[PDB]
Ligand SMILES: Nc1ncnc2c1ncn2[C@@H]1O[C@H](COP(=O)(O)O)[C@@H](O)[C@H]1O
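To begin, one chain is listed below as structure tokens, in the form solved without the ligand.
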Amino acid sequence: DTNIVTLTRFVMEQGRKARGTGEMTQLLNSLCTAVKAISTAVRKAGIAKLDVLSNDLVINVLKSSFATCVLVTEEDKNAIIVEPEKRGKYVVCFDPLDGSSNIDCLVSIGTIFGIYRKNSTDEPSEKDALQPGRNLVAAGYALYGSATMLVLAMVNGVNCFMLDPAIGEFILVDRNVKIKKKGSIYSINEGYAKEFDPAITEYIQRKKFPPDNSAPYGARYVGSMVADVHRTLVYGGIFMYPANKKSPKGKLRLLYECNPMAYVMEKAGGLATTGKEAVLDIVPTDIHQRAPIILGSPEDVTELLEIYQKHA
């Protein structure tokens, strides 16, 4: 096909008619090189830590885009303040290999990422990173499934891209994605049944045993955030990782997990909340600050927020 839409071309038709210098583009391009290598390594996984190496990889490519100043990793303490010579205006937040554990069982996992723009006239510090999701310029993730699909959500909406392994380019496959309004799938680890706050518990029973005599929601849960979000994004559904006492303020770190997802979600007509407040407005204080997250189709997030409101 003589007219292929590589994501490079596509972001160049978002971040160029907008006159913004297309810095974004080189940052994104670089993320692709890293995402691609992670996919190859993972496909041949069992024939050749992976996340450390994928961390190193992401960082290196990132720096070299000459479009970053601060970087936060799940795998790193201090947010990496990019050296001066290669600086640029963006703050990138990431989980390079989400699900490192799950490779062994061959379950789809991914590289999540959040991006910010430094809102200051100074020298970078991890404070430049402590902005809330409402200030994300773009967030996305790449899933290493039966295909390697990159989902990128910028201010206009969400577009899925898939890796054509032959030409090695993320090709555009879905434009301006919008989630289903209501779903039929609730995804959550019911092993934690006992420790669930009552709001959640009433909800699970409402999905399993619908009072208003419909059919019970189908339970799903790959147990990989990337996978469950994506099934949620396309097929609709509600995904919940509320807090219990074991992980008292939840398990998913805000910064580069709850937030990038929640942004992708909201741009696609999907709510994302902690249970009290939306995940995109919490003022982030520690780069590794955790937060509960409930995302998915609006009419379900809402069917649960009512319930949460009806309990305090």
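Quick note: we count residues from 1 along the sequence shown, nothing fancier.
Another form, the form solved in complex with the ligand, is not on view; read the next lines as being about it.
None of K86, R206, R117, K182 but one reaches within 4.5 angstroms of the ligand in the bound PDB entry through a heavy atom, and that residue is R117. Distance criterion of 4.5 Å from any heavy atom to the ligand in the bound PDB entry singles out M154 from the list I200, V82, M154, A79. Put simply, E23 is close to the ligand in the bound PDB entry: some heavy atom of it is within 4.5 Å. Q14 belongs to the set of residues with a heavy atom inside 4.5 Å of the ligand in the bound PDB entry. Of the heavy atoms in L71, none are within 4.5 Å of the ligand in the bound PDB entry.
Remark: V137 counts among the residues lining the ligand in the bound PDB entry, judged by a heavy atom distance of 4.5 Å or less.
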